[PDB]
Amino acid sequence: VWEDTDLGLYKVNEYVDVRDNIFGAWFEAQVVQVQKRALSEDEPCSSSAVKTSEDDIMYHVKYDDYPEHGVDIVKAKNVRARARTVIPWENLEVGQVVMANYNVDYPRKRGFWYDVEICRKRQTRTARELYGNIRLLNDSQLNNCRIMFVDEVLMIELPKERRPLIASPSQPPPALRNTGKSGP
């Protein structure tokens with residue numbers, strides 16, 4: 001399809017979280033170079049250009065465990081902007097998609113961050129329960145499950161806004177999660 005918008009969903013030198021393929025686990029990354037779907041070389045156009053869907057934009061990203069492998073290109077559906085703004089109980093709204101630390105693999109250690117749709121909120125002076133639809137790896141969705149804690153929860157930022165969340169000049173974010181798998 002013909003399109004004028006050269007700008008992708010995320011900007012260059014942005015901190016972004018990329019989701020995995022075989023388990024679906026969110027590993028954090030840093031994009032150095034963004035490549036949007038081919039844009040028209042001027043054909044029946046005048047004004048008004050729109051963002052492109054999440055299939056055809058490649059982000060050259062460096063994985064937290066794989067900076068030695070340089071960068072790898074990822075389709076826009078496999079990446080979402082790294083959570084900076086954490087939305088607490090005070091600004092909590094039903095339907096917002098957030099990530100939370102869930103250790104399904106070994107409940108002793110920090111597992112992986114998975115995305116979850118916030119379904120319910122119960123905040124009283126005596127009890128604070130937060131419920132959401134947890135996406136399981138075995139192709140299952142556990143609706144109204146107990147959300148771990150707000151400091152394990154980060155609010156996943158929107159792509160359609162065309163995010164300009166840039167890392168400091170010559171300084172990518174050193175701060176990370178605890179993510180990985182190592183056998184005794």
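Residues numbered from 1 in each chain as written, not as in the entry; some residues may be left out. Heavy atoms only, no water. Residues with missing side-chain atoms left out of burial classes, pairs and counts.

## Comments concerning empty space enclosed by the protein
So the rule is basically this: The definitions used throughout rest on a 1 Å grid laid over the protein atoms alone, on which a cavity is an enclosed set of points accommodating a 1.4 Å probe that cannot get out and a pocket is an open set flanked by protein within 12 Å on both sides along at least five of seven lines; lining residues are those having an atom within 4 Å of a point. Grid points are joined across faces, edges and corners, and a volume is the space filled by probe spheres set on the points. Helical segments are the DSSP runs of H or I of at least four residues, strand segments are the runs of E of at least two, and each set is numbered from the N terminus.
Size it by volume and the largest cavity reaches roughly 40 Å³. What lines the largest cavity is simply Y15, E28, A29, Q30, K62, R82, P173 and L176. For the lining of the largest cavity, the leading source of residues is strand β2 (residues 26–35), giving 3 residues.

## Some words on a negative patch on the surface
The test is simple: Without a salt bridge and with relative accessible area above 30%, a residue can belong to a patch; like charges are then joined within 9 Å and nonpolar side chains (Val, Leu, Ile, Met, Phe, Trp, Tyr) within 5 Å. Each accessible area value is a Shrake-Rupley result obtained with a 1.4 Å probe; residue values ignore everything except the protein chains displayed when judging cover. Salt bridges are identified by distance alone: a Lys or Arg side-chain nitrogen within 4 Å of an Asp or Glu carboxyl oxygen. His is not counted here, nor are the chain ends, while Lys and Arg score as positive and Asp and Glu score as negative. Note on charges: their place is set at NZ of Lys, CZ of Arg, CG of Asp or CD of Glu.
Judged by side-chain charge, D4, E41, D42 and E43 come together as a negatively charged surface patch. Tracing the chain through its elements places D42 in the loop between β2 and β3 (58–63).

## Regarding the domain arrangement of the protein
Using the following cut-off: Boundaries between domains were set according to an automatic or database domain assignment. Whether two residues are in contact is decided by their heavy atoms, any of which lying within 4.5 Å being enough. Here the buried area means the combined drop in accessible surface, using a 1.4 Å probe, for two parts upon being joined, counting both sides. Counted as a polar contact is a pair of N or O atoms within 3.5 Å, where, for protein atoms, one must be capable of donating a hydrogen and the other of accepting one, and residues adjacent in sequence contribute only when both atoms are in side chains. In the scheme used here, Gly and all other residues not listed as nonpolar or charged are polar, with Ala, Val, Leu, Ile, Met, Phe, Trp, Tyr, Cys and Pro taken as nonpolar and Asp, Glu, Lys and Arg as charged.
Under the domain assignment used here, the protein contains domain 1 (14–81) and domain 2 (89–155). Here the C-alpha centroids of domain 1 and domain 2 sit 26 Å apart. In this complex, domain 1 contributes 7 residues to the contact, which on the side of domain 2 involves 7 residues. Contact between domain 1 and domain 2 buries roughly 620 Å² in total, counting both sides, with carbon and sulfur atoms accounting for 64%. It is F23, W26 and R80 in domain 1 that bury the most area against domain 2; as a group they hold 66% of the surface buried on that side. The interface formed by domain 1 and domain 2 includes 1 salt bridge. Between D115 and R80 there is a salt bridge, with the nearest N and O atoms lying 3.5 Å from each other. Linking domain 1 to domain 2 there are 2 residue pairs in polar contact. Residues belonging to the side of domain 1 that touches domain 2 are distributed by class as follows: 4 nonpolar, 1 polar and 2 charged.

## As for the nonpolar core
Inclusion rule: As used in this record, nonpolar core signifies buried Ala, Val, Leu, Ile, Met, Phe, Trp, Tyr and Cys residues forming a set joined through side-chain atoms within 4.5 Å. Residue exposure (1.4 Å probe, protein chains only): buried if accessible area is under 20% of the type maximum, exposed if over 50%, otherwise partly exposed.
The biggest cluster of nonpolar side chains holds 18 residues, and the ones touching the most others in it are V98, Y102, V116, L130, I134 and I147. Residue contributions to this core peak at 4 residues, all from strand β7 (residues 112–124). Those residues in contact with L130 that lie beyond four places of it in its chain are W89, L92, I118, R120, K121, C145, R146 and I147. With 13 residues, the next largest nonpolar core counts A29, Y59, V61 and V79 among its residues.

## Some words on the state of the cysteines
Going by this rule: When two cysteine sulfur atoms lie within 2.5 Å, the pair is treated as a disulfide.
Within the structure shown, the criterion is met by 0 disulfides. Here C145 is not cross-linked by a disulfide; its sulfur's nearest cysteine counterpart is in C119, at 11 Å.

## Some points on the packing of aromatic side chains
To keep things clear, this is the line we draw: The aromatic pairing rule takes the rings of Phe, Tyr and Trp, using the six-membered ring of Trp, and pairs them if the centres are within 6.5 Å, calling planes under 30 degrees apart stacked, those over 60 edge-to-face and the rest tilted. Put simply, a charge is over a ring when the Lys NZ or the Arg CZ is close to the ring centre, within 6 Å, and near the line of the ring normal, within 35 degrees.
All told, the structure shown has 4 aromatic pairs when counted by the stated rule. Their ring planes at 50° and their centres at 5.1 Å tell us that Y10 and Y59 sit as a pair that is tilted. Here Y10 is found in the segment before β1 (15–19), whereas its partner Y59 is found in strand β3, with 49 residues between them in sequence. Neither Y10 nor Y59 differs from the other in exposure class; each is buried. Note on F27 and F112: the rings are 5.4 Å apart at their centroids and 55° apart in plane angle, and the pair reads as tilted. On the criterion of sequence distance, the pair formed by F27 in strand β2 and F112 in strand β7 is long-range, its members being 85 residues apart. For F27, a relative accessible area of 15% puts it in the buried group. Looking at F112, the relative accessible area reads 8%, which means it is buried. Aromatic ring contacts, followed pair by pair, group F27, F112 and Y114 into a single cluster. Here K109 stacks its cationic end above the ring of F112, 5.6 Å away from the centre of that ring. Positioned above the aromatic ring of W113 is the side chain of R177, whose terminal nitrogen or guanidinium carbon lies 6.0 Å from the ring centre.

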